[PDB]
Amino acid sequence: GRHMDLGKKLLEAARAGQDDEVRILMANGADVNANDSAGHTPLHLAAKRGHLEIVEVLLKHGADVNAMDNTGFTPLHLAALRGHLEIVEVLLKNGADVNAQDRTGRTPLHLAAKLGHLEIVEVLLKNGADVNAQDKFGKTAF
């Protein structure tokens, strides 16, 4: 009842970037890995939006750093897609899988290279991203 409802508010707070509302919801027992209907966790929404503080907070609270939404994106896919560098770094220092595949086989490197995020491509390669990784169509990142 309540616990489910704290999850939905945590999702909203993580998306809308309310750094302190997040801290409260957690201490009222909210689930750090609550899912929206698209399968996003709070860490996906915070990584997507570029809220570094909220990303740090969620990880300090046991957030699953390699959680996958219904498309198969991890938070590292989301941060890379939109060029959030410090987020990409922090996710990687907390054990993010650098070669995690979405449902079509795309790594974070695939998405970063697709959208031209060159600084993300470099940081990904420094962290053991595979240059020859293929998606499910046989296509590499380039």
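We number the residues from 1 along the sequence you see.
- The mean Cα B-factor in the deposited entry runs higher for 81 to 89 than for the other of 81 to 89 and 106 to 114.
- Taking the PDB entry as given, 5 to 13 carries the higher mean Cα B factor of the two stretches 128 to 136 and 5 to 13.
- Remark: of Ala46, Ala30, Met68, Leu76, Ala30 shows the highest value [criterion: C-alpha B-factor in the PDB entry].
- As recorded in the entry, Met26 carries the highest CA temperature factor of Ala34, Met26, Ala96, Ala38.
- Ranked against the other modelled residues of its chain, the C-alpha B-factor of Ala63 as given in the entry falls in the middle third.
- Per-chain ranking of the deposited C-alpha B factor places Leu52 in the highest third.
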